[PDB]
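Chemist: To start, I am sharing the structure in question, which I have written as structure tokens.
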Amino acid sequence: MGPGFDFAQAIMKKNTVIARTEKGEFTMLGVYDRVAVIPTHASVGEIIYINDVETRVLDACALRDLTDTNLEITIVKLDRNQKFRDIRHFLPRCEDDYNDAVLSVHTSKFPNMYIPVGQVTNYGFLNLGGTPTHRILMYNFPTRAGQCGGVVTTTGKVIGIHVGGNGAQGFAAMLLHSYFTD
């Protein structure tokens, strides 16, 4: 409907796949080459389904900060025959607050879903499903089961992936440029 939704759609159309693990179906953001991200609670194994195709996982790393605290982001390298468009130049370099964000989800349950979540707070610490977690973004929207891995964007930035909610608020893990240097 406007420039926020336009940027979100451009990311969804070229840089997302549907990932299935034994823990469910997730929106998965491709970042560059064969490297993608997913919430750590997806419990990625040696094999994953990518758009319902059996795919070997070449590498998977559950990120933690230097205090050894969960960040809830797993970086996955996929044995896929095609590279993602490189979107690393849309990733923020530092922790920040944002105005006017969109959360976008693409799964069998929620295809082509876009939610204007509004203001995004650098919340920091969250006890997420019992697990102490850092670098959490918060937005005041009643997100639900099925949105995990959803991409959070502003115009021109990809800022996070949805990892949970409490019924009134939703929470995303930050994406930072420094996670994807090579």
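Don't overthink the numbers, they just go from 1 along the chain as shown.
The deposited model was determined using X-ray crystallography, 1.5 Å.
Cβ coordinates are placed from backbone N, Cα and C, and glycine is handled just like the others.
Here's the feature list from Swiss-Prot:
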type     : residues : note
ACT_SITE : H41      : active site, for protease 3C activity
ACT_SITE : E72      : active site, for protease 3C activity
ACT_SITE : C148     : active site, for protease 3C activity
DOMAIN   : 2-180    : domain 'Peptidase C3'
Chemist: Please report how many Å separate the Cα atom of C148 (active site, for protease 3C activity) from that of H41 (active site, for protease 3C activity), as a whole number.
Modeler: 9
Chemist: Which of the listed active-site residues (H41, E72, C148) has the least company, meaning the fewest other Cβ atoms within 10 Å of its Cβ?
Modeler: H41
Chemist: Which of the three DSSP states, helix, strand or coil, fits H41 (active site, for protease 3C activity)?
Modeler: helix
